[PDB]
Each structure stands twice: as C-alpha cells, then as structure tokens.
Amino acid sequence: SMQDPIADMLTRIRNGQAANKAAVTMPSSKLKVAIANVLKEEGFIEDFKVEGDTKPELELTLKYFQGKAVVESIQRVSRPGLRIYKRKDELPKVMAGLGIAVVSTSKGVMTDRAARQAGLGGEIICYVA
Amino acid sequence: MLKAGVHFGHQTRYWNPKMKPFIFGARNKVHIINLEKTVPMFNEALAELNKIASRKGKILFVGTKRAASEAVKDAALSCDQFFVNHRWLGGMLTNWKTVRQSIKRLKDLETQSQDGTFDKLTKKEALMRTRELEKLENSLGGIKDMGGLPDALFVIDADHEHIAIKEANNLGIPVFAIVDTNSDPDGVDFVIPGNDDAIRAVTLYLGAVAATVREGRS
Amino acid sequence: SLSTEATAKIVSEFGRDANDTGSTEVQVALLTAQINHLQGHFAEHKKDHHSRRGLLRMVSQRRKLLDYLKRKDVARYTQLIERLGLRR
Amino acid sequence: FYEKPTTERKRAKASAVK
RNA sequence: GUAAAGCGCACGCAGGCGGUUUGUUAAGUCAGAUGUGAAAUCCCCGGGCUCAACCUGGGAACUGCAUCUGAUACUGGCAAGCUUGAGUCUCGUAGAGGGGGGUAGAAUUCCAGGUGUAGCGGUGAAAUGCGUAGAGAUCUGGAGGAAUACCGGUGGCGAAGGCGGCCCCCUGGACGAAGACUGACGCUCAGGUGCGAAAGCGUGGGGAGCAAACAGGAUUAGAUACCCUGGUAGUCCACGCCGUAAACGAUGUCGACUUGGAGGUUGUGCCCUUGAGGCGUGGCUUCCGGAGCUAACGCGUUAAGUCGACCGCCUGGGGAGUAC
Ligand SMILES: [Mg+2]
Ligand SMILES: [Mg+2]
Ligand SMILES: [Mg+2]
Ligand SMILES: [Mg+2]
Ligand SMILES: [Mg+2]
Ligand SMILES: [Mg+2]
Ligand SMILES: [Mg+2]
Ligand SMILES: [Mg+2]
Ligand SMILES: [Mg+2]
Ligand SMILES: [Mg+2]
Ligand SMILES: [Mg+2]
Ligand SMILES: [Mg+2]
Ligand SMILES: [Mg+2]
Ligand SMILES: [Mg+2]
Ligand SMILES: [Mg+2]
Ligand SMILES: [Mg+2]
Ligand SMILES: [Mg+2]
Ligand SMILES: [Mg+2]
Ligand SMILES: [Mg+2]
Ligand SMILES: [Mg+2]
Ligand SMILES: [Mg+2]
Ligand SMILES: [Mg+2]
Ligand SMILES: [Mg+2]
Ligand SMILES: [Mg+2]
Ligand SMILES: [Mg+2]
Ligand SMILES: [Mg+2]
Ligand SMILES: [Mg+2]
Ligand SMILES: [Mg+2]
Ligand SMILES: [Mg+2]
Ligand SMILES: [Mg+2]
Ligand SMILES: [Mg+2]
Ligand SMILES: [Mg+2]
Ligand SMILES: [Mg+2]
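Cut-offs used in this document
Residues numbered from 1 in each chain as written, not as in the entry; some residues may be left out. Chains lettered and ligands numbered in written order. Part of a larger assembly, values for the part shown. Heavy atoms only, no water. Helix = DSSP H or I, 4+ residues; strand = E, 2+ residues; numbered from the N terminus. Buried < 20%, exposed > 50% of the residue type's maximum accessible area, 1.4 Å probe, protein only. Axes fitted to C-alpha atoms, helices over the stretch in contact; angles between N-to-C directions. Parallel < 35°, antiparallel > 145°, perpendicular 65-115°, else oblique. Left-handed = near helix turned anticlockwise from the far one by under 90°. Contact = heavy atoms within 4.5 Å. Nonpolar A, V, L, I, M, F, W, Y, C, P; charged D, E, K, R; others polar. Pairing = 2+ DSSP bridges. Near = heavy atom within 4 Å. Polar contact = N/O pair within 3.5 Å; in protein donor to acceptor, adjacent residues only side chain to side chain. Core = buried A, V, L, I, M, F, W, Y, C linked by side-chain atoms within 4.5 Å. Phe/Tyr/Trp six-rings, centres within 6.5 Å; stacked < 30°, edge-to-face > 60°. Arc of directions from axis to C-beta. 1 Å grid on protein atoms, 1.4 Å probe; cavity = no way out; pocket = protein on both sides within 12 Å on 5 of 7 lines; lining within 4 Å. Points joined across faces, edges and corners; volume = space filled by probe spheres on them.

The phi torsion at B:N28 lies on the positive side, around 55°, for a residue other than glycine. Structurally, the position occupied by B:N28 is in the loop between β1 (23–27) and β2 (30–33). Judged by relative accessible area, B:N28 falls into the exposed class, the value being 73%. Positive phi, close to 55°, is recorded for C:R87, a residue that is not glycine. Within the secondary structure, C:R87 is located in the segment after α4 (74–84).

Spelled out as structure tokens, the structure:
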C-alpha cells in the first residue's frame, strides 16, 4: 500500500474474493482504473466505479458464478525493487492461454493476447486466472 | 400476520456470523430474523420437496426434541413416512448396513416370537427376553419398514443435530432443514431462516409441509 | 515542554502569518529552541538517558526538516540557518 | 535466591482463575 | 515460534524502495531498420561413402553489442501542483517513564539504662555459638545502613534492559475531542553511534541484613556431599571500564486487506449521563475460537492468514562459536 498500490489492490481483491464480499473499495488512481477496466473487459469482475474528485475512491464488484470464486488466483509479477519486462516474442502465458496476464505496453494496459496481437512488449503487471 | 409472522424469533445475544443478511437487526435487545424475506425460500423448499415427493421419495424426519417428539410423530404418521423419535444414532446413513442387519434381526425375532418364544421352551426366560426386547421394538418404529436409502431429510435443527447434516453431506443427500438463527448454515443447502422455539410455530411448519407433501403426488 | 507563550512568540517571529505553525521554518525554530533549552538540563544531569533519547529524536527531526527545506528552496534554508545560527 | 519462590507462586496465576 | 537460522534494543549516513494529479524528457522499457556477432561444432531439410560412424550443400541459430528511426502506458530526471502518508499548533487525560534533592512508617543489627534470672539458639536428634562481668524476654532512649508490608491486579509505563512509600524541582514519550497549518518532508537500514539485567574490574567512600570464599560443628573407619553456627569479598553510593544472559513472545521493522465472541485498562460523544445504566466512537492489553496456515503442536485482526519494502540470519551431527 505505502509502497505498492497495485499489489495492495490485488491483495484487496483476493481477500474480498476469499471472504465472499459483494464488493470492495480502495483509493483510486489512473493505473488502478486501467487495471480494473482490463479485468472487467475479460469478465473477471462485474463492474467498477469511481466516486469523488478530491479523494477519488474505486469500487469493484466481485463476481461469483457458483459458490466458488471466479478469480481462482491473482499474483503480482513486476514489483518495486524487481521490475520484469518481456519482449513481444516471449510474453508470459497463464494456464496455457486459459489465464490473463496484464501487460503495460506503449499503447496502454491490455491483456497478453492483445499485446501479442499488436506485437508490442512491455511490463508484466500481474497474472490473473 | 402471516404464517411466519407469529413467532418473535430467537438468538438473543450470540449469533452465527455466516447468516449476517438473514437478520434484520437488533430490536428490543434481541436480534430478529428476516421474517419478511423468509416466505420465498421456504416456498422454494416446499416446491423442491413436492418435486421429491413426485417420485415418492423417502424423506425422513428427526424428532430428537422431547417437546417436539409428538409434534413430529403426528406429521410422520399422517404422511406414513419414516421418522426418528428418539436420539439419532450416529452413522445411521453412512453405516446403514448395520441398521439393515438390526432391522432384519428384529423382523426375524418378531416372526419367531409367536411360535418359539411364547411357550415352546420356557416362559420366565422368554418373558425377560421379551421385556428386554420391547425397547428395541419401540425404537426404529418407521425406519424398519423398507430398506431406507433416504432421498432427503427434514431435521428440525442444525447445531443440535449437525451429525445428520454431516452424514447427508457426505452421502450427498439434500437437507431441507430449518436452520436455527445461531447454527451453521454451511451444511444445509436449503437453509430456512425459521425458529426453533415457539412449539406452535414449528407445529404449524410441520403441518404445512405435511399438507404440501400429501398433495405433492398429483 | 516549551511554554505556550514561547511557542506563540516563535510562531509570530517565524510564521509568515497567523496560524502558520505547520511551516517548516516554524517547526525548525521550535525544535532548535527546545534543544537549546534542554542543553543546560542535560549538562546539569548528564545521566537522563531517556530524556537524551527524546533530545536525539527531536535533533534528528530537525535535521530531516532542514534537509527537506534546503532541497525545496535554497534561499529559505540559507536564510533560516543564519537567522537561527545553525550549521556551523 | 529469595526470588524463585515468588516466580513459582506467580506461575499459579493460570491455575483455575483464567 | 519449538527441527539450523530474527542482531539484546534503539537512532541513523551511504544504499534499496517510495502516495496522488498534470506538463515534456525519452534514461530504463518496447517496436522497426542497419552494421557486426570468423569458420568449424549444436539443430532442420538434403546429398556422398553398399548402411552407420564419418564427410558435405543450403538454411536456421549465435539468446549479444553498437548506431539510427519511432511509441511512450509503466519506472527514472526536470517544473508545477493536491492532501489521504508523515509532521507542527491549541485543549485535556492516565501512567512503579527517567534524573536530582528532601522526608515518613514498620522491621533487622548494634550501643546504653530499668525490671527481672538461668537458660537461650539450633536440629530429624545434636553440637559448635551466646549467658551469672546477668543472656534470652520485656521496657526505654540513641546510632546506622538497606528496602518500601497493605494498596497490588493475565494492572500501568518504557524502544529494550527494566521501573513500586510520600512530597518537591527538572525532563521524555503516548493517547482523545475539535479545528488550523506544511505539502511526500516517507519506510528500511550494511558500516557507524548510543543504550544495555546480574556477576566482574579500577579509584575513593559506605557497610545494617544477606552472602560466594573460608573457619568451626555434626555425620562417617575416613572422606565428599547436603544440614547447623559464624563469616570475607560481593551486594549500596560517586566516577570510569566491562557489553555478556533461556537479554524469550526461542516470533526483525514498517504499511495494507481478512468471520466472531468474553474480559481488563484508559479517553471521548449522545439519551432522563437521573446512576451504577443504555446507545456509539478511539488507544493499549488478556482469553476462547472461524476461514486460512502449519510436520504437528499450535497461530488465528496484537497472525505463525493474504500481500508489499528493506535489513539480519541458516543450510547434517561432533569437532566448535574452538584454533590462528
Ligand atoms: Mg508531559
Ligand atoms: Mg533452534
Ligand atoms: Mg528480539
Ligand atoms: Mg530504525
Ligand atoms: Mg540511509
Ligand atoms: Mg529515489
Ligand atoms: Mg510513483
Ligand atoms: Mg531509450
Ligand atoms: Mg532493440
Ligand atoms: Mg559461426
Ligand atoms: Mg513521470
Ligand atoms: Mg515517575
Ligand atoms: Mg509526565
Ligand atoms: Mg544518584
Ligand atoms: Mg528503629
Ligand atoms: Mg506498554
Ligand atoms: Mg496549501
Ligand atoms: Mg550494525
Ligand atoms: Mg553490579
Ligand atoms: Mg577478583
Ligand atoms: Mg567495586
Ligand atoms: Mg574498596
Ligand atoms: Mg568444613
Ligand atoms: Mg552457610
Ligand atoms: Mg550468618
Ligand atoms: Mg547471544
Ligand atoms: Mg528478561
Ligand atoms: Mg534469540
Ligand atoms: Mg511440546
Ligand atoms: Mg487461539
Ligand atoms: Mg512457521
Ligand atoms: Mg557440519
Ligand atoms: Mg572465542
């Protein structure tokens, strides 16, 4: 949190999912909003909304198809003190393509499939499955 | 004042955190269950029970409570189904082979009593044996009719009779239990936010389910 | 601890306006005044380790504030130090 | 020692009160 | 945490990492192109030795480096910002927090006086010891040193080690209500610096009680060993050194997220505080226990659960935390 907001939001999502919480809230930021949009686009979450202007807050609605959680696992990849960058020809694959790996390329934040299609490398934010 | 609107509730102070949304809040120092949001799920359970009774399923009743023993025995005899008036024997479902052997032994003893036990050999020893076996005959009043293998259960409590719920879950038998406000709702797949006290309320519930199952065969 | 009157005088003399207690210059002035006041007490006693720990804490805080002020504005830092006679 | 008996007595703090 | 492994604790330089908006910088990063990366060898498709080994043609590869052209979401640099992190100001609260100086009561020992007279002390039983030059007992004065019964509590404070009579002077930290202010000023820290139980050492004082060493008694054929009577350092003070503990919660520091109950201890807001009470909201702290974790024990919102930053440490037992 004080040093890794991305890891903090990922941890919040994991804890909320394990605790069977309808939704979670966290401080909002541009990178956090982009990550939330990417997750929603892939169906990992229901919806995200930002409330407030001076101190914006990001609220994410978790999804449960059945009693088990839809987000089986979420793991940070690139963290402060150890940055991970991959070329377009060696992008990581999650669960033999069944998972989603968040990649930040020069065109923004997108799934690994989009980066491979666009042939652009970048920073691996995290693995989601 | 509907059927579920008569009882006041239960779970005075200590509560199970699992069923948080099923409690309206704390009123008059005692928590109140979501009485308004109780009739849909119960109706769904009744519909499921009717579906089960469509095939004439072997749905059982648990009467471990002395106060409710007759309250559930009347419904059991009205529906001519199986019931457990006395303490639920551990392993009745999982160890059903032992129960089958016991009921077979009881049937053999009952059949042979009229011929051999009465006066063929002795009477004093036979009288003592009959007196000893009368309690066994009283036990397993309904479950001894057929081979068992129940397709559902209607236990009146969860925390008190968690053994039955655990056995059903192990055997994958759905349970239409009226979970108490302070019990564990994880075991029961058809949790009903009802009440355990107010003998009149539970009597009305068992009467209603008996009426529904009676006409559930179409 | 520093008296209320002393704190008010320090704020008035260093703060850019009323209720300017949060300015870095005011904080540095209060810390250095407290350090100067406690120097005599420590010399008199010389065995108050717990109070010496508190003195060290305030000295470290003042050094950090001075470094931040120097990084943010050289003119403000160089004027404050000569006014307070610090950084020998 | 004059201190061990005190510690032994204080050990019984958790006997049956808490 | 208990198998090897969290420095005794804290502060802090270098270093590592760092909240949120924009602006452009294109260093890291990414995309393309160019030059180079010897041949042989490895790999793919073929060919020639009757097959194979072996030889051989063309590729691929050589994961690298340098230069140029572009993208800039992310990280970094530069310039402005923002207040949530971190701090300052105002009021009040509890506290064996620390340093210095006073003073009070009980008790032990010693000195002296009165009354009184043969024992007292000790042990499992004794003896050494004290006593007729009068003990012990009791009383009445005085001297001295050390420690603070009751309160006292799984109570409180302190970073740790530790801190208990009462009062005064100096002084540190923490917490709560409501505001105002500064605007990332932050976190962690190898070396470095400081603190650090008891024992011990150097100098000079003090010395009631206790007590290593030592003496004697008893026991034994004789011993040693517990036991008894004494008793020197030590224990206390001022300064300086020592820097070691099962210095333990065998759990490094900081931040975020995650079902619940029963207390204790300090705040504070509201309802008739009528009061003790009810309704809430903070800080610290004790016990049970859910998910989760764990080899199990067990931990469990004060995690040993889910993560992030940094530091320290460990990889068989003995040798050995020993030798140099
Ligand atoms: Mg104070
Ligand atoms: Mg060990
Ligand atoms: Mg430690
Ligand atoms: Mg530190
Ligand atoms: Mg540093
Ligand atoms: Mg930096
Ligand atoms: Mg940043
Ligand atoms: Mg570049
Ligand atoms: Mg390139
Ligand atoms: Mg080559
Ligand atoms: Mg930038
Ligand atoms: Mg004090
Ligand atoms: Mg104080
Ligand atoms: Mg002194
Ligand atoms: Mg005296
Ligand atoms: Mg404390
Ligand atoms: Mg401002
Ligand atoms: Mg060090
Ligand atoms: Mg000492
Ligand atoms: Mg010596
Ligand atoms: Mg000495
Ligand atoms: Mg001496
Ligand atoms: Mg001897
Ligand atoms: Mg002795
Ligand atoms: Mg002695
Ligand atoms: Mg050590
Ligand atoms: Mg200790
Ligand atoms: Mg240790
Ligand atoms: Mg053990
Ligand atoms: Mg526990
Ligand atoms: Mg462990
Ligand atoms: Mg070894
Ligand atoms: Mg050595």
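There is more to say after this.
Residue and element names in this part refer to chain C. Packing of helix α2 (residues 24–45) against helix α3 (residues 49–72) brings their axes to within 10 Å, and their N-to-C directions diverge by 150°. Considering their axes alone, α2 and α3 lie roughly antiparallel with respect to each other. In the crossing of α2 with α3, the sense of the turn from one axis to the other is left-handed. For the pair formed by α2 and α3, the contact residues are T24, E25, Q27, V28, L31, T32, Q34, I35, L38, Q39, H41 and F42 on the first element and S51, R52, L55, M58, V59, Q61, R62, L65, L66, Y68 and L69 on the second. Broken down by class, the residue content of the contact of α2 with α3 amounts to twelve nonpolar, eight polar and three charged.

Turning to the sheet that holds strand β3 (residues 57–61) of chain A, a few remarks are in order. All names here are of chain A. Taken together, the three strands give an open sheet; going across it, the order is β1-β3-β2, and neighbouring strands pair in antiparallel fashion. Single-partner strands in this sheet number two, and they are β1 (23–27) and β2 (47–51). Adjacent strand axes in the sheet meet at a mean angle of 20°, parallel and antiparallel pairs treated alike. This element, helix α1 (residues 5–18), spans β1 and β3 of the sheet and lies at about 160° to β1. Across the sheet, helix α2 (residues 30–41) lies against β1, β2 and β3, angled at about 155° from β2, the strand it touches most.

Attention shifts here to the protein's contact with RNA strand E. Around RNA strand E lies a shell of 74 residues, among which A:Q3, A:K55, C:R53, C:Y68 and D:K18 are the nearest. In RNA strand E, the atoms that sit within 4 Å of the protein are 80% sugar and phosphate, with bases accounting for the remainder. Interatomic distance of 2.4 Å between a side-chain N/O atom of A:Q3 and a sugar or linking oxygen of RNA strand E. One of the side-chain N or O atoms of C:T7 is found 3.1 Å from a phosphate oxygen in RNA strand E. Elements with a minimum of two residues in the surface near RNA strand E: α1, β5 (85–86), β6 (100–105), β7 (108–111) and β8 (122–128) of chain A together with α1 (4–14), α2 and α3 of chain C. Among the elements that take part in the surface near RNA strand E, α3(C) stands out by supplying 14 residues, more than any other. Of the residues assigned to the surface near RNA strand E, the class counts are 14 nonpolar, 32 polar and 28 charged.

Residues and elements named next belong to chain C. You can see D20 is positioned in the loop between α1 and α2. Residue classification places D20 among the buried positions, given a relative accessible area of 10%. Not counting chain neighbours up to four residues away, the residues in contact with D20 comprise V11, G15 and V26.

Residues and elements named next belong to chain B. Membership of the largest hydrophobic core comes to 27 residues, with the highest contact counts inside it found for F42, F61 and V209. Among the elements of the structure, α1 (39–54), β3 (59–62), α2 (66–79), β5 (152–154) and α6 (199–214) are those that each provide at least two residues to this core. Membership of the second largest hydrophobic core comes to 24 residues, among which are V84, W96, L140 and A164.

Without any contact between them, chain A and chain C keep their closest C-alpha atoms 20 Å apart. The smallest C-alpha distance separating chain C from chain D is 28 Å, and no contact links them.

So, about the packing of aromatic side chains. Residue and element names in this part refer to chain B. Inspection of the entire model under this criterion finds three aromatic pairs over all chains. Between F42 and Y205, the aromatic rings sit 5.1 Å apart at their centres with planes inclined by 65°, giving edge-to-face as the arrangement. Of the two residues, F42 is situated in helix α1 and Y205 in helix α6; the sequence distance between them amounts to 163 residues.

Attention shifts here to α4(C). Residues and elements named next belong to chain C. All of the buried residues along α4 are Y77, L80 and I81. Axial view of α4: buried residues confined to an arc of 95°, hence all on one face. Structural note: α4 exposes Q79 and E82 on the side pointing more than 90 degrees away from its buried face. Check the buried side of α4 and you find it contacts α1, α2 and α3. Two or three places before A75, at the start of α4, stands the capping residue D73, its side-chain oxygen 3.2 Å from that residue's backbone nitrogen. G85, located one to two residues past α4, shows a positive phi value of around 65°.

Our next topic: the layout of surface pockets. To find leftover empty space, one rolls a probe the size of a water molecule over the atoms. All names here are of chain B. Considering only enclosed or pocket space, the largest pocket measures out at about 150 Å³ in volume. Lining of the largest pocket is provided by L106, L109, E110, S113, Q114, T117, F118, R129, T130, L133 and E137. Mapped by element, the contributors of at least two residues to the lining of the largest pocket are α3 (96–117) and α4 (124–138). Ranked by residue count, the leading element in the lining of the largest pocket is α3, at six residues. Among the residues making up the lining of the largest pocket, the classes are represented as four nonpolar, four polar and three charged.

Residue and element names in this part refer to chain A. One ladder, built from five bridges, connects β1 with β3; its direction is antiparallel. Residue pairing for β3: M26 is matched across the bridge by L58. In this structure, β2 lies alongside β3, joined through five bridges in antiparallel fashion. The partner of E51 across the bridge, within β3, is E57. Counting the residues in the hairpin turn of β2 and β3 gives five residues, including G52, whose phi is positive at 95°.

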